[PDB]
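Enquirer: what would the 3D arrangement of this be:
(chains A and B)
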Amino acid sequence: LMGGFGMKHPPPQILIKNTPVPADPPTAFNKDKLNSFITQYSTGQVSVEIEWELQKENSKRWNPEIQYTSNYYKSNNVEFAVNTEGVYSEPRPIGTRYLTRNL
Amino acid sequence: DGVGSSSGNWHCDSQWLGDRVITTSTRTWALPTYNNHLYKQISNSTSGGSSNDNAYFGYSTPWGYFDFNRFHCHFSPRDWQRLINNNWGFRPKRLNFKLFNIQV
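Expert: Numbering: from 1, shown residues only, chains lettered A, B, ... in the order given. Below is the structure:
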C-alpha cells in the first residue's frame, strides 16, 4: 500500500554483530555469566549492486512529453547538491510517472 | 509496372537503436507548371531594384525541386525531445529518397 514491489521472499535480512570480548575474569570460578566486556565497535564498507530490468517507451505520440527537469533559474544552492556546511539535501520528492501511455 | 498497382507503401515510422536513429517520412506533393515551359532571365530591372546592393541577374526555370533540409521535416516534436534530452551529439550518415504513386 505504501509502494514498491511486494514479494513472498524478499531479499533476506543481513544481521551483523561484533562478538563480545570479555574483560579480565576473576581468579576464583563463579557460576554467573560475565557482565563485564570491552567497549568496542567495528567499521567497514558495504557494496550493494542491483540488476534492474527496463521496459522502454514505445510511444507513437506526436507532441512532446512532459519530463523531469531542474528549473534553470538562479539560486543560492544547487538542488540535490551539498550545502556550504557540507550537508546533502534533497529539495523535493520525485515521482516515477511522467511518460504517458494510452488507457 | 501498371496503372492499377501501387508504386509504393506509405512508411512514416522512426526507429531508435542504441547509437543510431532512422527517421522515415512520407508526404504528398503537387507539382504545377512553371513559367509556361520557359526560361525567363529574371533581373532586378524587371520590377524596381533601384538600389545597387539589391542588384541581381539570373534565370527562372520551369523545373522545381525538393527541399527537405529543415529539421522539422524529419523529426516530430517528440522524436526531437527524445533526441536532445538523451544525447550529446549527432550527425547524419545515410539518406534515401523515393518518389512513387505518381498521378498526372
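
Enquirer: going forward, measure contacts and count neighbours with C-alpha atoms only.
Expert: OK.

Enquirer: and the gap between the residue most central in space within chain A and chain B?
Expert: Per Cα atoms, centre = their mean, the C-alpha nearest to the average position across chain A is that of residue A:48, at 9.9 Å. Residue A:48 sits 27 Å away from chain B, going by Cα to the nearest Cα, to the nearest Å.

Enquirer: what of residue A:54?
Expert: As judged by Cα to the nearest Cα, residue A:54 and chain B stand 14 Å apart.

Enquirer: what of residue A:53?
Expert: 17 Å.

Enquirer: what's around that residue, how many residues?
Expert: Using other Cα atoms under 10 Å in any protein chain shown, residue A:53 is surrounded by 6 other residues.

Enquirer: spell out which parts of chain A neighbour chain B.
Expert: Contact residues (Cα under 8 Å from any Cα of the partner chain) of chain A with chain B: A:61, A:62, A:63, A:64, A:65.

Enquirer: need the helices for chain B, in chain order.
Expert: Taking DSSP state H as the criterion, chain B carries its helices at B:77-86.

Enquirer: contact residues of it facing chain A?
Expert: Neighbours of chain A within chain B, by Cα under 8 Å from any Cα: B:76, B:77, B:78, B:79, B:81.

Enquirer: how about the closest residue to chain A within chain B: what's its closest non-neighbour residue?
Expert: Residue of chain B nearest chain A, by Cα to the nearest Cα: residue B:78 (4.2 Å). Spatially, and ignoring its direct neighbours in sequence, residue B:78 is nearest to residue A:64 (4.2 Å; Cα to Cα, 6 or more residues apart in numbering or on different chains).

Enquirer: ok, how many other residues are close to that neighbour?
Expert: Close neighbours of residue A:64, defined as other Cα under 10 Å, add up to 14.

Enquirer: report the contact partners of it.
Expert: Going by Cα atoms under 8 Å, 6 or more residues apart in numbering or on different chains, residue A:64 touches B:77, B:78, B:79, B:81.

Enquirer: so what's the last one up against?
Expert: It stands for residue B:81. Each residue near residue B:81 by Cα under 8 Å, 6+ apart is listed here: A:64, A:65.

Enquirer: mark which of the contacts of residue A:64 are buried, thanks.
Expert: B:78, B:79, B:81 (16 or more other Cα atoms under 10 Å in any protein chain shown).

Enquirer: show me which of those residues is closest to residue B:39.
Expert: residue B:79 (41.5 Å; Cα to Cα).

Enquirer: how close does that closest one get to residue B:90?
Expert: 13 Å (Cα to Cα, to the nearest Å).

Enquirer: so what's residue A:82 bridging to?
Expert: residue A:88 (DSSP bridges).

Enquirer: and the residue of chain B most remote from its centre, what does it touch?
Expert: When distances to the mean C-alpha position of chain B are computed (Cα atoms, centre = their mean), the maximum falls on residue B:50, with 33.5 Å. For residue B:50, no contacting residues are found, by Cα under 8 Å, 6+ apart.
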